[PDB]
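*Asks:* Protein chains in written order, with the authors' numbering: chain A, 113 to 166, 212 to 236, 242 to 309, 316 to 446; chain B, 102 to 201; chain C, 253 to 302.
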DNA sequence: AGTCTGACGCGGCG
DNA sequence: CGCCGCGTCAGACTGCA
RNA sequence: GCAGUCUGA
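1) Which residue comes first and which comes last in the alpha helix (DSSP H) that contains residue 420/A?
2) Go ahead and label residue 162/A buried or exposed: buried means 16 or more other beta carbons lie within 10 angstroms of its beta carbon, across all protein chains shown.
3) Tell me which residue opens and which closes the alpha helix (DSSP H) that residue 146/B is part of.
4) Taking Cβ-Cβ distances below 7 Å as the criterion, which residues of the segment 363 to 377 of chain A are in contact with chain B?
5) If you run the structure through DSSP and keep just helix, strand and coil, what is residue 103/B?
6) Indicate whether residue 119/A and residue 415/A have their beta-carbon atoms separated by less than 9 Å.
7) Taking three-plus beta-carbon pairs below 8 Å as touching, is the segment 256 to 270 of chain A in contact with the segment 123 to 133 of chain A?
8) Name the DSSP beta bridge partners of residue 259/A, please?
9) Label residue 441/A either buried or exposed according to how many other C-beta atoms from any shown protein chain fall within 10 Å of its C-beta, with 16 as the threshold for buried.
10) Assign residue 264/A to one of three DSSP states: helix, strand, or coil.
11) Could you please tell me which residues of the segment 140 to 155 of chain B, in chain order, have their CB closer than 7 Å to any CB of chain C?
12) So does residue 336/A have its beta carbon nearer than 8 Å to some heavy atom of the ligand ADP?
13) Which runs of the alpha helix (DSSP H) spanning at least 4 residues fall entirely within the segment 146 to 197 of chain B, listed in chain order?
14) Which chain A residues sit within Cβ distance under 8 Å of residue 174/B?
15) Quick check: what's the CA-CA separation for residue 434/A versus residue 306/A?
16) To the nearest angstrom, how far is the alpha carbon of residue 393/A from that of residue 404/A?
17) Taking all protein chains shown into account, decide if residue 273/A is buried (16 or more other Cβ within 10 angstroms of its Cβ) or exposed.
18) Can you give the beta carbon distance from residue 408/A to residue 438/A, rounded, assuming they're within the 8 Å contact cut?
19) Roughly how many whole angstroms lie between the Cα atoms of residue 406/A and residue 297/A?
20) Can you pull the chain B residues whose beta carbon is under 8 Å from the beta carbon of residue 293/A, in chain order?
21) How many whole angstroms separate the CB atoms of residue 146/B and residue 176/B, which I take to be in contact at a CB cut-off of 8 Å?
22) If the criterion is Cβ atoms closer than 9 Å, does the pair residue 309/A and residue 174/B meet it?
23) Could you spell out the range, first to last residue, of the alpha helix (DSSP H) harbouring residue 132/A?
24) Of all the options 188/B, 200/B, 193/B, 178/B, which has the alpha carbon lying nearest to the alpha carbon of residue 125/B?
25) Around the C-beta of residue 124/A, are 16 or more other C-beta atoms found within 10 angstroms, so that it is buried, or is it exposed?
26) Under 8 Å, with one C-beta from each stretch per pair, do the segment 270 to 285 of chain A and the segment 338 to 356 of chain A reach the 3-pair mark?
27) Is the Cβ-Cβ distance between residue 165/B and residue 144/B less than 9 Å?
28) Going by CA-CA distance only, name the one from 167/B, 178/B, 171/B, 142/B that's closest to residue 155/B.
29) Can you tell me where the alpha helix (DSSP H) holding residue 289/C begins and where it ends?
30) Is it buried or exposed for residue 131/B, if we count other Cβ within 10 angstroms and need 16 for buried?
31) If you run the structure through DSSP and keep just helix, strand and coil, what is residue 235/A?
32) Let me see if you follow: with CB-CB separation under 9 Å, is residue 169/B close to chain A or not?
Here you go:
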């Protein structure tokens, strides 16, 4: 099972990477400082909010007071490696939170939709340009990594064609600025960190797609025995495979088991129940 | 008559395979690559965005994962009939004919 | 039409339609079970082929 | 999908 | 190189989902 | 309802 460990360590590398990448968002600190106080006001519970740390609510109180003190020193680091040392310190305390699955899911899809917030503008401006300009797009890449607040006179004939859209372009600058100020962060940094978490999840899913073909043997062998229960081989393999997938995200690989030896505990759960359904 | 609500989009074979392929001729994309797209043998980017990926460019399996590392979510590519439906719905008919 | 032997005389469409309705139904399973991509790819391709 | 498969045609055409 | 076609009508008998 | 075969003009 040494290949299993090679895969699982890259999995945990990817999840550490997405954790430290989402940890860079400062408004997540406000969110969690609301969350823990909802717990402390008996309207929420920590067992649904935090599973562990890197259980006691007093250590959580300590950590959340640390995170509040880190958010204030995030506020005063307006100055730009001065913010970088502080954001690394904030990631230091953030990576010590083994958050509940659903809460982290809320966080990551929140990051996804706030990335989409700038995504819509970055797309629509392009569809406005690419219709009529025949433009120096290869240099629009540079122009947009920079940020039309200054670039009107592009000294070509198409510098007139941008005047057909310039009003809607400036409206797009207004919306871009309002979304830029709403997050309290530079849009470029958000693009980078969202790229980072996307790459972490992509690498994890990659290794998952290697793993599924690595572990077809157990599901094939169990389905081959379960054929006679009134179903085909070709859907019992699906039940065993999705059971394996459920086993993936909950395998404590440091336990020394072969992961296959785990999946059966759910494959039996997945097949014998599916025979009940079909 | 009845109707089956297909869980996913599906390319009509009469407009894809009857030669000359209407889907390909409309998209200006050769038939041999459209077959690879809507039979899950390749990808195609519905939009490149701020990325050197042309809207009609096909990508093989690992290139999609590779172009992820290089550009993240700046571009967007799909496979199967969803991608072809997106490429179809995305195009501007009257602008395309006035340009051609 | 039901035949004398009990085995119904069937037009081929009733099979082909059936061949679709299974796989689409099967696909409707996986969209609810959040199955991995490598499985739903094969299922969608089988649906398209049907 | 394994076949202890077939192919064992042609002529025109896009 | 893939796709399109390659007469009409009638009778009989099997076998088959 | 179809396929296969044979046959007829």
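Each residue gets a CB set at the ideal place from its N, CA and C atoms; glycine is no exception.
*Replies:* So, to answer that:
1) Here residue 420/A corresponds to residue number 252 of the first chain, with the count starting at 1. Element bounds for residue 420/A: n/a, residue is neither H nor E.
2) Position 50 of the first chain, counted from the start, is the residue given in the question as residue 162/A. Flag for residue 162/A reads buried.
3) Within the second chain, the letter at position 45 stands for residue 146/B. It is not in any alpha helix (DSSP H) - residue 146/B instead sits in the beta strand (DSSP E) that spans 144 to 148.
4) Residues of the segment 363 to 377 of chain A with a C-beta less than 7 Å from any C-beta of chain B: 363, 366, 367, 370, 374, listed in chain order.
5) To locate residue 103/B, count along the second chain from 1; it is residue 2. Of the three classes helix, strand and coil, the one that applies to residue 103/B here is coil, per DSSP.
6) Taking the first chain and counting its residues from 1, the one referred to as residue 119/A is at position 7. Taking the first chain and counting its residues from 1, the one referred to as residue 415/A is at position 247. Taking 9 Å as the Cβ cut-off, residue 119/A and residue 415/A do not qualify as a contacting pair.
7) yes
8) The sequence position of residue 259/A within the first chain is 97, counting from 1. BP columns for residue 259/A point to 165/A.
9) Walking along the first chain from the start, residue 441/A turns up at place 273. By the Cβ-count criterion, residue 441/A is exposed, with fewer than 16 other Cβ atoms from all chains shown falling within 10 Å of its own Cβ.
10) Taking the first chain and counting its residues from 1, the one referred to as residue 264/A is at position 102. If DSSP states are grouped into helix, strand and coil, residue 264/A belongs with the helices.
11) 140, 141
12) This structure lacks the ligand ADP, and indeed carries no ligand of any kind.
13) 162 to 172, 182 to 191
14) Taking the first residue of the second chain as 1, we reach residue 174/B at position 73. Chain A residues near residue 174/B: 277, 281, 362, 363, 366.
15) Here residue 434/A refers to the residue found at position 266 of the first chain. Here residue 306/A refers to the residue found at position 144 of the first chain. Between residue 434/A and residue 306/A, the C-alpha separation is close to 50 Å.
16) By one-based count along the first chain, residue 393/A stands at place 225. By one-based count along the first chain, residue 404/A stands at place 236. Using only the alpha carbons, I get a separation of about 10 Å.
17) Indexing the first chain from 1 puts residue 273/A at position 111. Under this definition residue 273/A is a buried residue.
18) Start at 1 with the first residue of the first chain, and residue 408/A comes out as number 240. Start at 1 with the first residue of the first chain, and residue 438/A comes out as number 270. Yes, residue 408/A and residue 438/A are in contact; Cβ-Cβ is about 6 Å, under 8 Å.
19) Counting from one through the first chain, the residue named residue 406/A turns up at place 238. Counting from one through the first chain, the residue named residue 297/A turns up at place 135. Each residue's alpha carbon lies about 50 Å from the other.
20) On the first chain, position 131 is the one that residue 293/A refers to. Within chain B, the residues near residue 293/A are 193, 196.
21) As a working mapping, residue 146/B is identified with position 45 in the second chain. As a working mapping, residue 176/B is identified with position 75 in the second chain. With 8 Å as the limit, residue 146/B and residue 176/B qualify as a contact, their Cβ atoms being about 5 Å apart.
22) The count along the first chain starts at 1 and reaches residue 309/A at position 147. The count along the second chain starts at 1 and reaches residue 174/B at position 73. No; because the gap between Cβ atoms is not below 9 Å, this pair is not in contact.
23) Here residue 132/A refers to the residue found at position 20 when the first chain is read from its first residue. Looking at the DSSP string, the run of the alpha helix (DSSP H) that includes residue 132/A is 114 to 134.
24) Position 24 of the second chain holds residue 125/B. Cα-wise, what sits closest to residue 125/B is 188/B.
25) The residue you call residue 124/A lines up with position 12 of the first chain. When all chains shown are included, residue 124/A counts as exposed.
26) yes
27) Position 64 of the second chain, counted from the first residue, corresponds to residue 165/B. Position 43 of the second chain, counted from the first residue, corresponds to residue 144/B. Taking 9 Å as the Cβ cut-off, residue 165/B and residue 144/B qualify as a contacting pair.
28) For the purposes of this step, residue 155/B is taken as the residue at position 54 of the second chain. Here the closest residue by C-alpha is 178/B.
29) One-based indexing of the third chain puts residue 289/C at position 37. First-last of the alpha helix (DSSP H) with residue 289/C: 289 to 301.
30) Position 30 of the second chain, counting from 1, holds the residue named residue 131/B. Residue 131/B is exposed by the Cβ-count criterion.
31) Position 78 of the first chain, counted from the start, is the residue given in the question as residue 235/A. Coil.
32) Numbered from its first residue, the second chain carries residue 169/B at position 68. Output row for residue 169/B: interface = yes.
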